[PDB]
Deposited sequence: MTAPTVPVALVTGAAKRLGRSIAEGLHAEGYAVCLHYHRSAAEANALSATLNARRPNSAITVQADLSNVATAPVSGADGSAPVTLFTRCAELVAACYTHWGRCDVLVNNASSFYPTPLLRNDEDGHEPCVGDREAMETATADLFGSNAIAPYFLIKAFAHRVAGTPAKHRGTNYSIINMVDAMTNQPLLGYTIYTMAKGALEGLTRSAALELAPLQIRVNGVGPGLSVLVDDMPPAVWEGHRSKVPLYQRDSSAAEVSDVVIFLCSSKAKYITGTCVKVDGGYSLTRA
């Protein structure tokens, strides 16, 4: 009877803020994580403490690789598609529903054209394309099938899919090609899924941050200079300044919106060198 949100990469930063923002609205939240088990279980505890049985954690590698079956007798590697189906399944198993999907998990590191390895280049392609593009596709598919399979009478009235894209990829970041192409893929998914799932009343939108919760592992004057180029406030956003938009888009007040993106970027994309 309570709406259910699945949030990938939910353990920290903008994914946490999204899970939290949805939770404040009344959602039960499936918190996905890959490597951040401690932070995800802690976040779950906070949410459950405020409202019993309003959170769970599920672990999955969203890289475009087949994982190992759980080396022994009777099985076959688990495809990304299956791990994605199981994520959505986790929501139906536990709460009997899934109303909101947020595709937030994403790897982000350089793949330069101009310059051990083989494994680097192979793994990077799978990981960056998986997390940013191919997993969202399969996740959206599982999500869609399970609404299609729900008798109209038992269906939700506010199905929403949010894809976290990037406001800045038309102005690409030097050396981040695979990432950038993956976000471009994700933007196509938004449009194409919004079109094909319209008859089911599944809305599909994007939210593209500019600079948000900027990692500060660098000279302060450099961190500071990066920041200062956002026209608005001359700083990166907080997590909530992004997650609040995600929340609105999922609200029944946004039910005519589909197939679109909202940049949250402090006018950063308006800039030129």
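**Q** Pop the missing stretches of the deposited sequence into a list, counting residues from 1 and keeping sequence order.
**A** Since the structure holds only modelled residues, the stretches it omits are 1-4, 75, 121-130.
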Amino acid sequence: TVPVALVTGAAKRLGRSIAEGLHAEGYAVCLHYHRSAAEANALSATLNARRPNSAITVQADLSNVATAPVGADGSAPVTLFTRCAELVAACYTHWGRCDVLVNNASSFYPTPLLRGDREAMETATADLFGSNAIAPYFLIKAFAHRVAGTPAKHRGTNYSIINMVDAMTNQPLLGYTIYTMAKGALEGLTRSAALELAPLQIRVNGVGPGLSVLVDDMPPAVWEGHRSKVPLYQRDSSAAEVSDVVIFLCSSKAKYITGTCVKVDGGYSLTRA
From here on, numbers count along this sequence of modelled residues.
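**Q** Within the set of other compared PDB entries, does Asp217 lack a model in a third or more?
**A** In at least a third of the other entries, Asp217 has no coordinates.
**Q** Taking the other PDB entries of this protein that cover both neighbours, check whether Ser192 lacks coordinates in at least a third of them.
**A** No, modelled in all of them.
**Q** Tell me which of 5-13 and 248-256 has the higher mean C-alpha B-factor in the deposited entry.
**A** Per the PDB record, 248-256.
**Q** Using the B-factors recorded in the PDB entry, average over the C-alpha atoms of 73-81 and of 159-167, then report which stretch comes out higher.
**A** It is 73-81 that shows the higher mean C-alpha B-factor.
**Q** Per the entry's Cα B factor values, which of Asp99, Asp127, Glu86, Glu196 stands out as the maximum?
**A** Comparing C-alpha B-factors across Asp99, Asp127, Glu86, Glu196, the maximum falls on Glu86.
**Q** Which one of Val242, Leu62, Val230, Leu43 shows the top CA temperature factor in the record?
**A** Out of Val242, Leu62, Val230, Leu43, the record gives the largest C-alpha B-factor to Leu43.
**Q** Quick one: classify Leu211 as lowest, middle or highest third of the chain based on its Cα B-factor.
**A** As the PDB entry reports it, the C-alpha B-factor of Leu211 lands in the middle third of its chain.
**Q** Ranking every modelled residue in this chain by its Cα temperature factor as given in the entry, which third contains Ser36?
**A** Middle third.
**Q** Ordered by C-alpha B-factor within the chain, which third holds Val204? Give me lowest, middle or highest, please.
**A** Within its chain, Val204 is a lowest-third residue by C-alpha B-factor, going by the deposited values.
**Q** Can you tell me which third, lowest, middle or highest, the CA B-factor of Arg235 falls into for its chain?
**A** Middle third of the chain for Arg235's C-alpha B-factor.
**Q** Is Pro219 in the lowest, middle or highest third of its chain when residues are ranked by C-alpha B-factor?
**A** Highest third of the chain for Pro219's C-alpha B-factor.
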